[PDB]
C-alpha cells in the first residue's frame, strides 16, 4: 500500500539518477529492487520513454558490446515506427531519442539497426539496406554542411545528387527522393540532443 509505493517511487527516482551517473549501475539498481523487469524489451521501453534520463547515458547503454545491451538496442529500434515516413522523417525521430558522438563502432551498430528497421518498415523504398545506411549518413553530413557555418560549402541539390550516384544496387536513387530529402534538411535542420 502507501508506504511501499512511496518508497518505490523515491527508489525509482534514485535509479534514474544512478543511471545518469552510470547506465549499467542504474539498470542494476532498478532490476535488483524490482522496479524494472530484466528483459531486453522492458529495458528498451524504459529507455524509449526516457523519463529523467540523460540522452547521452541512453546512448552509452545502447552502445555497449555485451549480449544484453545488443538485445536492448535491437528492441529499442523496434519501438520506432517508421512505416510511411521518409528517410529524413525517420532519422529525426531516431536521432532525437539518444546521443553518442565519436564512437565509430557503436554508431555503426546503431545506424545499421536503424537502416534495417527503416527498410523493414518501408520495403518499397530501398531494395538494399546498404543504400539506406549510406544515404542516412549522407543526410547527416548534408545537415552539417548546410547548417554549420564552419563548413564553407553549402552543397547544392545537384552536388548532393552527384555524391550519391550508383548506390542504388549500382543504379541511382530517384532524383525526386533525393530532392525531397535535401529540401527537408534545407528547410529544417536536425534537432540534435545537446550534450547531457
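Think of the rigid core as the biggest set of C-alphas that the two forms share within 1.5 Å after superposition. Positions refer to the first chain, counted from 1.
- Once the structures in 5 other deposited structures of this protein are superposed via the core, the pair 74-82 and 96-104 is resolved in favour of 96-104 as the more displaced stretch (C-alpha RMS).
- Between 148-156 and 54-62, greater CA displacement relative to the shown form is found for 148-156 when the structures in 5 other deposited structures of this protein are fitted on the core.
- The mean Cα B-factor in the deposited entry runs higher for 143-151 than for the other of 143-151 and 46-54.
- Set 93-101 against 113-121 and average the Cα temperature factors; 93-101 ends up higher.
- In the PDB entry, the Cα temperature factor peaks, among 61, 160, 29, 133, at 160.
- Among all modelled residues in its chain, residue 186 ranks in the highest third by Cα B-factor.
- Residue 164 sits in the highest third of its chain by CA B factor, as recorded in the PDB entry.
- Ranked by C-alpha B-factor against the other modelled residues of its chain, residue 108 falls in the middle third.
- In the deposited entry, the Cα temperature factor of residue 81 sits in the middle third of values across the chain's modelled residues.
- Residue 129: CA B factor in the middle third of modelled residues in this chain (values from the PDB entry).
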